[PDB]
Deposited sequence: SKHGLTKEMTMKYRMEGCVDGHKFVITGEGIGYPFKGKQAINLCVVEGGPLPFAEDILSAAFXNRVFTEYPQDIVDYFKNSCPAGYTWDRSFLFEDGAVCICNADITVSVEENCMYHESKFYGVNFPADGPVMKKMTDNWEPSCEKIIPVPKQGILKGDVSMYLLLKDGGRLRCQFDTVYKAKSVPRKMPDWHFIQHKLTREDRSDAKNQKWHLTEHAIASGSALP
């Protein structure tokens, strides 16, 4: 337990949200590899299912503890463990839709388990758009810039996202995040990138709306010397 963390951990999730007036609760459980930047999780809609919107919008809402950091970049996220960190993000879609999500990440060292409590709110998705019509097909892999705010001991993230559409199109979404360790650290990173790759597969049956999500994320510095 480097920071209360081990090589392979279990994860528990609860999300409450509201999108275009529709309320929901999702729970989840998963397995992850903090130092590899890999996680796989299983989500289950527990109230308000079946959702009237693409599962895909919730993907980036379901933990930067799961990022592979080179030893030469300060790992702000693992350093915040076990107590953890919280994050706030706005999603600005190019069609005017707007989301906000807040999460709180925390470790139980005794259970070797990461807990994740989030709130997801979305307004203004066009009723006829690919989100509300569930015609999306995963996010394209990305490169997020992580920026230190040194007077405050917090980080900003900035990633321009593309949700691939079943019909061959792409829907742009701007992510702006604020990452806050529960204790503001004296050790801060310089700006760096984190690259991400998601997969998402619906596994819904007659009882429940269910799906499987994975992320692979790797932090790095500029490629220019």
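Visitor: Pop the missing stretches of the deposited sequence into a list, counting residues from 1 and keeping sequence order.
Guide: Absent from the structure is a single run, positions 63.
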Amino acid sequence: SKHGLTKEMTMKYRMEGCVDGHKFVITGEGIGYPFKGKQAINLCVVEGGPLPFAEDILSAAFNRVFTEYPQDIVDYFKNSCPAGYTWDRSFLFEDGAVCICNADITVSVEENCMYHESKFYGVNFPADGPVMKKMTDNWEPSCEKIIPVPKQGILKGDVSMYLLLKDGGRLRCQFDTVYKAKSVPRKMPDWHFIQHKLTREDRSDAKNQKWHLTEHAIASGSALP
From here on, numbers count along this sequence of modelled residues.
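Visitor: Would you mind comparing 14-22 and 202-210 for me and telling me which has the higher average C-alpha temperature factor in the entry?
Guide: Mean C-alpha B-factor is greater for 202-210.
Visitor: Highest mean C-alpha temperature factor of the two stretches 89-97 and 112-120, which is it?
Guide: Averaged over C-alpha atoms, the B-factors run higher in 112-120.
Visitor: I'd like to know which of 57, 161, 178, 45 has the highest C-alpha temperature factor in the PDB entry.
Guide: In this record, 45 carries the highest C-alpha B-factor of the candidates.
Visitor: For the CA B factor values reported in this entry, which option in 64, 36, 192, 196 has the top one?
Guide: Answer, based on the entry's C-alpha B-factors: 36.
Visitor: State the tercile, meaning the lowest, middle or highest third, of residue 151 with respect to the CA B-factors recorded for its chain.
Guide: Highest third.
Visitor: Lowest, middle or highest third: which one holds residue 184 when the chain's residues are ordered by CA B-factor from the entry?
Guide: Answer is highest: the recorded C-alpha B-factor places it there.
Visitor: Classify residue 30 as lowest, middle or highest third according to the C-alpha B-factor given in the PDB entry, relative to its own chain.
Guide: Ranked within chain, residue 30 CA B lands in the highest tercile.
Visitor: Name the third of the chain's ranked CA B-factors that contains residue 144, choosing lowest, middle or highest.
Guide: Ranked within chain, residue 144 CA B lands in the lowest tercile.
Visitor: Should residue 157 be placed in the lowest, middle or highest third of its chain by the C-alpha B factor in the entry?
Guide: For residue 157, whose C-alpha B-factor we compare with every modelled residue in the chain, the answer is the lowest third.
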